[PDB]
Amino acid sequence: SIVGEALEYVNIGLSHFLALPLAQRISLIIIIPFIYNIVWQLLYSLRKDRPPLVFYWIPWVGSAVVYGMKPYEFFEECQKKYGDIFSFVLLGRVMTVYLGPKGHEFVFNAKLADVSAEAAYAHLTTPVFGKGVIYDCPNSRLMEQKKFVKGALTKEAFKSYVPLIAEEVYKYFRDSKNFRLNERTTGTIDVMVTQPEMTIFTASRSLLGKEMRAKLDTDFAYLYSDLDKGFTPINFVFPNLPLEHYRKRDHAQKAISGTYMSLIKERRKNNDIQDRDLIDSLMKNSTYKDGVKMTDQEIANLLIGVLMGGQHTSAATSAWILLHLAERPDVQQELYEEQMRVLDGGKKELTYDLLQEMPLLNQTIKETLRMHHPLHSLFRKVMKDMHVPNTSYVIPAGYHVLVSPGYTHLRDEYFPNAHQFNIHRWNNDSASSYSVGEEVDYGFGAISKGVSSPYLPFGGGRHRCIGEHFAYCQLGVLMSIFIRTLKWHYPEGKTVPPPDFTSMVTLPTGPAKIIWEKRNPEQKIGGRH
């Protein structure tokens, strides 16, 4: 009864392995891991403390291809197969999706020890924005940075911004080659060209100030284009490989951040610290509660983060608003009547107050954000094993949880006819969001305690957006002026493009063109150029 007989042949077997032709070693190095993860998945499927894991053929890659291309379709299939909790493998990671209001509650209100937003995002954002801020710092510092940024975003701030944002829109109509309203009465624009430029011009002028706005009329603008391109989903897998767009990214980050510090330091040494923009505001108020101040570099990187995050959400949203209204002249007609009423047929200048008396305009933003959430997925890295309540599931640490409020936005269950663009579903309900009950404060002010609203455009919980009022102000002024100046429609046989999900921001697949006409061909925008 000898067992060695075989253990010898284990050893012999290993030696015949090392000596196979390289033709076959490569083959074996491919077939053996392939077979291994198919065996592992069938085995994983028997654990009852695990959400179902979407089956996948290629290891490591996982379901990345279909997830990246059509994530909402991927969610609906996996939801029909396995229900509202499931996992799937994604470019090296396991994502545990939790669909629906309960998923919102499980992830957005997760405990600070269970999940980390900075662990999921810092690789994507820190090379773009800079160091020491946002996701390159502990959550407590985040909460106080949001407290600083919010302080420049007050109602009195927004009254200053409305005329500046409006001056910027008119100047863009006057001077941009896509309009030139003093020279042409009709034209064709790509909204994916016009809207990003309008967003940065209005955002720069109002948040950063006139100096920073002015710099975008020079070769400097290309640095924002550079810094923009470093903000790419393959920052999320290959974040610092030594290619050149990784360098123009880091150069633009250094160069842009340098410009803000120059202005900051020049204001402190001229004592020229007013209340004109977010730069004055962060200068006067950026000391943490433990007494540490933000450095001028940390302040500037927080500005890059503000402008950059606002840039992509806002520009995509005004692009969808225009594309949706391009086939709804009835809605343009209704929005134009409200403009005429609230503003005495133009004999009243637009103020932040009159903006709040325009519920149908605000309903259009509301509705566009329901059909086109700019972020289809939000993530956390799981730090501690989490038991999914009223199940037997344990999400072990090292997984990621993925919440997707914009998927629920498109469910007939929660929005009758969810795929119709209908601003009237928000009749007497035009608030950008509503704290439907009890509130909580995480460091940056009282926000809703529950995050179980099926309309959750701005998320909830500690990582909840603080830009919604700024975005409504900016989009509000922009669309008010658009509506009062132009009608617009599609070229023959064109309609609303489908969303290009691969940028992770749900942009219209460009080119997305509209044809605009002047409501008053003979009208002239003033000022010099």
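Each residue number is its position in the shown sequence, starting from 1. Each form is matched to the other, and the largest set of C-alpha atoms that superpose within 1.5 Å is called the rigid core.
Larger average C-alpha displacement in 5 other deposited structures of this protein, relative to the shown form after a rigid core fit, is seen for 233-241 when comparing 392-400 with 233-241. Using the rigid core as the fitting frame, the root mean square C-alpha deviation in 5 other deposited structures of this protein is greater for 218-226 than for the other of 171-179 and 218-226. Between 188-196 and 118-126, the higher mean Cα B-factor belongs to 118-126.
In this crystal structure, the stretch out of 358-366 and 273-281 whose C-alpha atoms carry the higher mean B factor is 273-281. Across the residues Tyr36, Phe470, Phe482, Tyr490, the deposited record lists the maximum Cα B factor for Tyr36.
The PDB entry assigns the greatest CA B-factor among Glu167, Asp330, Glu77, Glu338 to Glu77. Sort the modelled residues of the chain by CA B factor and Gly476 lands in the lowest third. Among the modelled residues of the chain, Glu183 sits in the lowest third by CA temperature factor in this PDB entry. In the deposited entry, the Cα temperature factor of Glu439 sits in the top third of values across the chain's modelled residues. For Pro233, the recorded CA B-factor ranks within the highest third of the chain. Only modelled residues enter the ranking. When all modelled residues of the chain are sorted by CA temperature factor, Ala23 is found within the highest third.
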